[PDB]
Structure formats: C-alpha cells, structure tokens
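The structure under discussion appears below in the form of structure tokens.
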Amino acid sequence: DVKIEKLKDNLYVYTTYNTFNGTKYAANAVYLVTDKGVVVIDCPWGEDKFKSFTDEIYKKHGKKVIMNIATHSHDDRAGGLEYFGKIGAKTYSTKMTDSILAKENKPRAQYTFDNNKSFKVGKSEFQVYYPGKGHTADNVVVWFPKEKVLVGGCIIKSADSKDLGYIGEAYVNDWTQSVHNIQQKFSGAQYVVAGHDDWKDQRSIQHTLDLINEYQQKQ
Ligand SMILES: C[C@H](CS)C(=O)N1CCC[C@@H]1C(=O)O
Ligand code: NA
Ligand SMILES: [Zn+2]
Ligand SMILES: [Zn+2]
Ligand SMILES: [Zn+2]
C-alpha cells in the first residue's frame with residue numbers, strides 16, 4: 041500500500058508502511075513532478091513495494109522517474125537505488142552514505174556528492190543540506209524553496228513519536244545541534260516532513287528535541 045497526497050503544487054508526499062514487532067510504522071518521503079520527469083526522494087519501505095509505487099506514479104501522472113536521491117543509508121531511504129537505477134533514473138547519494146552502503150554490501170548510487178548540493182531539474186530547484194550527525198552520521202535534509216517544504220527524513224521525529232526509534236547508529240549527543248541548524252537555516256518552512264509516522279503535526283522538531291533531552295537525562 042502506498043498513500044500519496047499533494048502537499049504543494051507539483052510536490053507530493055508519499056507514505057509506505059512496515060510493521061516491526063506489532064508496531066506498524068509509516069515511512070514518509072516526497073517526489074516532485076517536473077517538465078522533465080519525476081524526481082523521487084528516498085524510497086518505499088520494502089522492495090516488494092517499488093513496482094507498486096512507480097505504478098501509482100504512472102496512474103496519477105503518466106510520467107517517468110528520472111532521478112532518485114537517498115537521504116541516508118537505511119532501507120527506507122537507499123533501498124531503492126538498485127531499482128531506480130535499473131529503470133533508467135539517475136541516482137544520487139552523499140559520499141558518506143556511499144561509504145556506508147559499500148561497507149554493508167548494499168547497492169550504491171551512480172553519482173555522489175560532498176554532503177551538500179543544489180539541484181535544478183526542469184523549472185524546479187531544490188537543495189540537499191547536511192546538518193551534522195543525528196539519527197545517523199550521514200543523514201541529510203532536502204529543501205524546496210519555492211514550495215517552502217523541508218523534507219527532514221529520519222533526523223526529525225514525528226510529534227507523536229514515543230521514542231527516538233532506531234538509534235543503533237545514532238549520535239544522540241550531536242543530534243540537538245544538527246536539528247537546531249536545520250531550524251535556523253530553514254526557519255520560514257511552511258511544511259516540515261518527519262521521516263516516520265504522522277508528519278502533519280508541525281511540532282515535530284520540538285518533540286524531537288524533547289526526545290533527545292529525555293534520552294540524555296536518563297543517561
Ligand atoms: C530502522 C532503519 C530505518 S530508519 C532501518 O531500516 N534499518 C536499520 C538497520 C537495519 C535497517 C537497514 O536500513 O538495513
Ligand atoms: Na556495495
Ligand atoms: Zn535510518
Ligand atoms: Zn527511517
Ligand atoms: Zn514534545
């Protein structure tokens with residue numbers, strides 16, 4: 041199942058679901075429809091959902109995916125690099142993410174960049190920004209200036228998150244500064260999209287900071 045909702050103009054938020062030990067988690071990402079084709083950020087959470095996802099893209104827009113950008117090495121972000129490459134899309138990731146994928150023997170992106178990069182596709186513009194370590198050492202966010216949408220990915224927890232989620236590769240002591248960096252640089256954001264679960279509640283950044291503090295206080 042893939043849920044797709047228009048967020049602003051040609052920018053859409055898509056959500057897929059993956060159940061872990063009785064807890066049904068949602069993974070949120072976005073895709074942009076341009077005159078040159080569709081740009082997909084991250085990927086459906088689960089390989090058995092890739093075809094269903096692009097099938098929905100065709102049903103709704105009758106267009107082709110020409111680019112895929114992974115915001116970190118995990119399955120819900122970089123899991124589709126092989127698939128999107130196979131169907133003709135130009136794939137990207139940061140060099141740090143590439144190093145992690147290589148180490149884990167996971168498919169890698171065709172092109173890599175040094176943490177930050179500004180993109181221009183058709184008449185659309187967006188930028189990938191590295192705020193520092195948090196959920197992982199390589200996590201990046203994507204900013205769409210025209211739509215005023217900040218795709219936070221997993222460094223941003225949903226306002227209803229019970230805990231920080233998977234922290235086996237996290238840097239909790241650096242996470243607060245990284246989130247403060249995002250907040251300061253994209254202060255005028257109309258929409259901030261958390262990587263998991265409910277993203278609509280815009281207190282997501284506040285709750286994230288709350289969860290980090292809670293974790294640290296408990297030592
Ligand atoms: C929970 C994260 C996504 S934030 C996840 O999918 N992981 C963490 C380690 C195993 C799996 C993966 O990406 O390989
Ligand atoms: Na590899
Ligand atoms: Zn992750
Ligand atoms: Zn995630
Ligand atoms: Zn809170």
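Quick note on numbering: the sequence shown equals residues 41 to 45, 47 to 64, 66 to 100, 102 to 107, 109 to 131, 133 to 150, 167 to 205, 209 to 211, 215 to 265, 277 to 297 in the authors' numbering.
Ideal placement from N, C-alpha and C gives every residue a C-beta, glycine not left out.
Terminal residues of the beta strand (DSSP E) in which residue 83 lies: The sequence position of residue 83 within the sequence shown is 41, counting from 1. For residue 83, the enclosing beta strand (DSSP E) stretches over residues 79 to 83.
Closest by C-alpha distance to residue 263, when choosing among 61, 47, 49, 52: The sequence position of residue 263 within the sequence shown is 196, counting from 1. The candidate whose alpha carbon is nearest that of residue 263 is 61.
For residue 198, the nearest candidate out of 244, 98, 183 (CA to CA): As a first step, residue 198 must be located in the sequence shown, where it is residue number 137. Taking only the C-alpha atoms, the option nearest residue 198 is 244.
Host beta strand (DSSP E) of residue 114 (start-end): Walking along the sequence shown from the start, residue 114 turns up at place 70. That residue, residue 114, is in no beta strand (DSSP E); it is neither H nor E in DSSP.
Beta-carbon gap between residue 238 and residue 183 smaller than 9 Å: As a first step, residue 238 must be located in the sequence shown, where it is residue number 171. As a first step, residue 183 must be located in the sequence shown, where it is residue number 122. Not closer than 9 Å, so no.
CA-to-CA distance, residue 90 to residue 118, given in whole angstroms: Here residue 118 refers to the residue found at position 74 when the sequence shown is read from its first residue. Here residue 90 refers to the residue found at position 48 when the sequence shown is read from its first residue. Taking the straight line from one Cα to the other gives about 16 Å.
Test item: CB-CB of residue 54 and residue 70 under 9 Å: Here the question's residue 54 lines up with position 13 in the sequence shown. Here the question's residue 70 lines up with position 28 in the sequence shown. Their beta carbons are under 9 Å apart, which means residue 54 touches residue 70 by this criterion.
Cutoff 6 Å; reference residue 180; Cβ partners in own chain excluding five residues on either side: As a working note, residue 180 is residue 119 in the sequence shown. Excluding positions up to five away in sequence, the list reads 187.
C-beta contact flag for residue 114 and residue 175 at 9 Å: Taking the sequence shown and counting its residues from 1, the one referred to as residue 114 is at position 70. Taking the sequence shown and counting its residues from 1, the one referred to as residue 175 is at position 114. The Cβ atoms of residue 114 and residue 175 lie no closer than 9 Å to each other.
Where residue 263 sits in the DSSP three-state scheme: Position 196 of the sequence shown holds residue 263. Here residue 263 sits in strand by DSSP.
Three-state secondary structure assigned by DSSP to residue 295: Here residue 295 refers to the residue found at position 217 of the sequence shown. Residue 295: helix per DSSP, three-state reduction.
Contact test: residue 69 Cβ vs ligand 4 heavy atom, cutoff 8 Å: As a working note, residue 69 is residue 27 in the sequence shown. Of the heavy atoms belonging to ligand 4, at least one sits nearer than 8 Å to the Cβ of residue 69.
Residue of 109, 133, 137 minimising C-alpha distance to residue 122: To locate residue 122, count along the sequence shown from 1; it is residue 78. When only C-alpha atoms are compared, the closest one is 137.
Any non-hydrogen atom of ligand 4 closer than 8 Å to residue 58 Cβ: Here residue 58 corresponds to residue number 17 of the sequence shown, with the count starting at 1. Checking every heavy atom of ligand 4 against the Cβ of residue 58, none is found closer than 8 Å.
Distance between beta carbons of residue 140 and residue 44, contact taken as under 8 Å: As a position in the sequence shown, residue 44 is number 4, starting the count at 1. As a position in the sequence shown, residue 140 is number 95, starting the count at 1. With a Cβ gap of about 31 Å, residue 44 and residue 140 do not count as contacting.
Short Cβ contact (9 Å threshold) for residue 210 with residue 77: The sequence position of residue 210 within the sequence shown is 146, counting from 1. The sequence position of residue 77 within the sequence shown is 35, counting from 1. In terms of Cβ geometry, residue 210 and residue 77 do not form a close pair [threshold 9 Å].
CA-to-CA distance, residue 203 to residue 260, given in whole angstroms: The residue you call residue 260 lines up with position 193 of the sequence shown. The residue you call residue 203 lines up with position 142 of the sequence shown. About 10 Å.
Buried versus exposed call for residue 223 [16 or more other C-beta atoms within 10 Å across all chains shown]: Here residue 223 is taken as the residue at index 156 of the sequence shown, counted from 1. It is buried - the Cβ of residue 223 has at least 16 other Cβ atoms within 10 Å.
Buried or exposed (CB count within 10 angstroms, at least 16 for buried), residue 281: Taking the sequence shown and counting its residues from 1, one reaches residue 281 at position 203. Residue 281 should be labelled exposed.
Cβ-based neighbour list, residue 191, same chain, cut-off 6 Å, excluding 5 preceding and 5 following: Residue 191 sits at position 130 when you count from the first residue of the sequence shown. Within the same chain, Cβ atoms closer than 6 Å to the Cβ of residue 191 are found at 176, 177, 201, the five residues on either side in sequence being excluded.
Same chain, Cβ closer than 7 Å to residue 248, neighbours up to 5 away in sequence not counted: As a first step, residue 248 is located in the sequence shown; it is residue number 181 there, counting from the start. The answer, listed in chain order, is 192, 193.
Unbroken beta strand (DSSP E) run spanning residue 67, endpoints: Position 25 of the sequence shown, counting from 1, holds the residue named residue 67. In the DSSP assignment, residue 67 falls within the unbroken beta strand (DSSP E) covering 64 to 76.
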